[PDB]
Amino acid sequence: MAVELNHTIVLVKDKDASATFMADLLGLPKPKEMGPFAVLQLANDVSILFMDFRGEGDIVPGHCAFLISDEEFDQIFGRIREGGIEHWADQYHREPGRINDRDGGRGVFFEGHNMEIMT
Amino acid sequence: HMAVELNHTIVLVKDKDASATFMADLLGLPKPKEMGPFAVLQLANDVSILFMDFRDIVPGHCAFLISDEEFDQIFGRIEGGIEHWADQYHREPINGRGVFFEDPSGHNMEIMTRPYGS
Amino acid sequence: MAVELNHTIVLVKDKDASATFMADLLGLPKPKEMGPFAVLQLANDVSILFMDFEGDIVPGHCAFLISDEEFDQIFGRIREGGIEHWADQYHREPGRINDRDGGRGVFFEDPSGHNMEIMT
Amino acid sequence: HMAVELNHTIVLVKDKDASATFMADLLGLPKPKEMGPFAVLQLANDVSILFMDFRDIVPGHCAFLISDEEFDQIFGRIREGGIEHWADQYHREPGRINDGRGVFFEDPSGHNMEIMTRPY
Ligand SMILES: [Fe+3]
Ligand SMILES: [Fe+3]
Ligand SMILES: [Fe+3]
Ligand SMILES: [Fe+3]
Ligand SMILES: [Fe+3]
Ligand SMILES: [Fe+3]
Ligand SMILES: [Fe+3]
Ligand SMILES: [Fe+3]
Ligand SMILES: [Fe+3]
Ligand SMILES: [Fe+3]
Ligand SMILES: [Fe+3]
Ligand SMILES: [Fe+3]
Ligand SMILES: [Fe+3]
Ligand SMILES: [Fe+3]
Ligand SMILES: [Fe+3]
């Protein structure tokens with residue numbers, strides 16, 4: 001296939017709080033705001049468009065997952081395990097304080113939108 | 001030292017199988033793969049949608065980039081009774097080019113082109 | 001990596017003959033003219049921008065990935081049109097296709113003499 | 001029944017090794033592969049550039065789509081490295097990026113390149 005996912009809208013309680021937190025943690029530039037969206041651009045020709053929503057939001061095992069460097073993981077995990085960010089090895093948030101080693105890589109789930117970083 | 005990528009996202013829909021089959025069918029993608037509670041669709045830019053059964057409101061949507069030729073083909077099929085709108089808020093029942101529509105679960109989608117010089 | 005090839009400019013003796021011929025054979029819509037270029041858009045988020053300037057030294061070539069069904073169609077049109085074709089990038093094996101590497105391939109000329117390839 | 005894709009194109013340059021290593025380094029790609037007379041660079045959208053020795057004429061170029069963060073990184077090193085650049089494909093606006101965003105410059109072999117963004 002050639003079709004690409006170009007952008008996807010993510011509903012969260014506070015779009016500005018979500019986007020800046022993720023850009024900071026992921027080491028990305030300041031998010032750009034356009035209309036009702038806070039835009040987080042990723043490297044693979046895709047952006048996440050955060051939008052304010054009062055309702056549900058995210059339920060496990062739902063999540064958004066970011067593929068990163070293992071050098072990036074050790075830094076991001078350090079800040080997670082520095083700034084007191086609750087985290088889990090699993091998408092169901094049943095294993096707090098652990099990382100997984102799924103594909104011989106490393107991975108961790110965190111944050112109220114559900115996130116995942118993986119190598 | 002790679003730059004950060006969005007690798008996959010889980011999308012909650014009333015019917016993950018209806019959603020996945022319609023999306024793979026319409027976009028020309030291979031048959032969805034079943035993995036745990038998810039129906040998984042792979043896109044070309046190293047990112048996956050994982051549909052999961054649950055219970056979208058506009059202007060939420062997921063948007064797929066295609067060539068103009070694929071846009072004309074897919075929209076030709078959308079020869080079809082699929083409701084469609086030019087805008088993410090579904091107030092204009094097309095607008096590069098783009099068009100918005102719903103899948104059988106009510107999940108909001110968009111197809112769009114980005115031609116040279118766009 | 002995530003970096004994509006978004007467009008590339010291809011030098012040909014006649015940009016509109018090359019673009020029109022290639023769009024027709026490949027089953028694509030009529031090429032669009034943009035600035036100094038005749039544009040051939042392909043499906044994988046990349047376009048070929050033909051420009052007047054040959055443009056090619058063998059084994060130089062531009063290669064298109066296509067369906068098995070479309071390969072049979074296009075190659076039939078290649079023989080139906082009397083278009084010269086070769087199994088190899090060096091144009092040393094005229095009149096045949098190859099079946100290398102789990103697929104099929106054939107090399108041919110556009111009207112500018114530019115070296116082309118279709119492959120499955 | 002896939003739609004037609006551009007799978008690879010071979011690029012004539014003065015030095016295939018200089019061009020390919022330069023391009024992979026700057027774009028953050030893996031080490032180029034050597035295959036016959038070619039140095040092969042794979043891009044993410046299912047297309048490869050195959051560099052070949054030939055011992056660029058504006059406005060021809062190959063254009064690379066990257067994120068805004070990757071653009072600022074690559075251009076900063078272009079700025080720190082004195083590589084010389086232009087805002088335009090005809091190279092009439094030197095020392096400037098354009099505004100997505102774009103910047104044009106050459107590689108060691110003189111191959112014409114471009115990095116570009118297309119943000120939401
Ligand atoms: Fe704001
Ligand atoms: Fe999410
Ligand atoms: Fe995941
Ligand atoms: Fe390092
Ligand atoms: Fe990737
Ligand atoms: Fe969606
Ligand atoms: Fe959209
Ligand atoms: Fe793309
Ligand atoms: Fe060529
Ligand atoms: Fe080839
Ligand atoms: Fe066949
Ligand atoms: Fe068929
Ligand atoms: Fe492909
Ligand atoms: Fe080039
Ligand atoms: Fe360009």
Side-chain angles (χ1 to χ4, degrees), chain C residues 1-12 15 22-23 25-29 35-37 40-52 55-56 58-67 69-71 73-74 88-90 101 103 105 114-120, chain D residues 1-13 23-24 26-28 30 36-38 41-54 59-64 66-67 69-71 74 89-90 100 102 116-117:
Chain C
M1 89 310 276
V3 173
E4 301 180 358
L5 179 64
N6 183 258
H7 54 275
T8 178
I9 282 74
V10 169
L11 271 53
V12 282
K15 71 158 190 169
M22 285 307 285
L25 189 70
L26 279 191
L28 291 143
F37 311 122
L40 186 77
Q41 183 187 45
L42 301 323
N44 49 324
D45 203 2
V46 68
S47 324
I48 280 185
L49 274 40
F50 290 101
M51 194 189 12
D52 298 313
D56 249 4
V58 309
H61 68 241
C62 288
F64 302 85
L65 172 68
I66 60 186
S67 81
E69 178 171 277
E70 283 233 77
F71 183 97
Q73 220 184 313
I74 297 177
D88 68 307
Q89 41 176 15
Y90 286 101
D101 270 32
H114 198 85
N115 307 150
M116 292 303 194
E117 175 191 8
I118 54 168
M119 66 184 250
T120 66
Chain D
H1 307 69
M2 62 174 296
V4 299
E5 293 177 20
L6 174 71
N7 184 262
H8 54 275
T9 190
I10 65 131
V11 169
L12 269 38
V13 293
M23 173 164 72
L26 204 88
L27 299 183
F38 309 121
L41 271 203
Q42 173 89 54
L43 289 315
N45 53 325
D46 206 8
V47 60
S48 309
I49 285 184
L50 282 72
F51 280 118
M52 164 181 252
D53 288 329
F54 188 57
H61 58 284
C62 286
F64 300 92
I66 63 186
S67 74
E69 185 266 350
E70 276 263 55
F71 182 98
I74 285 169
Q89 90 176 324
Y90 279 103
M116 57 159 303
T117 70

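Each chain gets a letter, A, B and so on, in the order the sequences are listed, and its residues count up from 1.
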Nearest 0.5 Å, what's the CD1-SG distance between D:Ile10 and C:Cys62?
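Result: 8.5 Å between the selected atoms.
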Rounded distance [0.5 Å steps], CG in C:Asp45 versus CG in D:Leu43
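The CG atom of D:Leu43 is 11.0 Å from CG of C:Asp45, to the nearest 0.5 Å.
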For C:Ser67 versus D:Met2, what's the shortest heavy-atom pair and its separation?
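Of all heavy-atom pairs spanning C:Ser67 and D:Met2, the closest is N-CG, 3.6 Å.
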Please report the closest heavy-atom contact between C:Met51 and D:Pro59, naming both atoms and the distance.
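Nearest heavy atoms, C:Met51 then D:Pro59: SD-CD, 3.3 Å.
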Could you list the residues that satisfy side-chain hydrogen bond (donor to acceptor under 3.5 Å, both in side chains) with C:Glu117, not counting sequence neighbours?
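By the side-chain hydrogen bond (donor to acceptor under 3.5 Å, both in side chains) rule, C:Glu117 matches C:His61, D:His8.
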By side-chain hydrogen bond (donor to acceptor under 3.5 Å, both in side chains) - contacts of D:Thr9 (at least two apart)
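D:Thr9: no side-chain hydrogen bond (donor to acceptor under 3.5 Å, both in side chains) contacts found.
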So do [Y] and [X] actually touch side chain to side chain, heavy atoms under 4.5 Å?
X       : Y       : value
D:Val4  : C:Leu65 : no
D:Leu27 : C:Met1  : no
C:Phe64 : D:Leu6  : yes

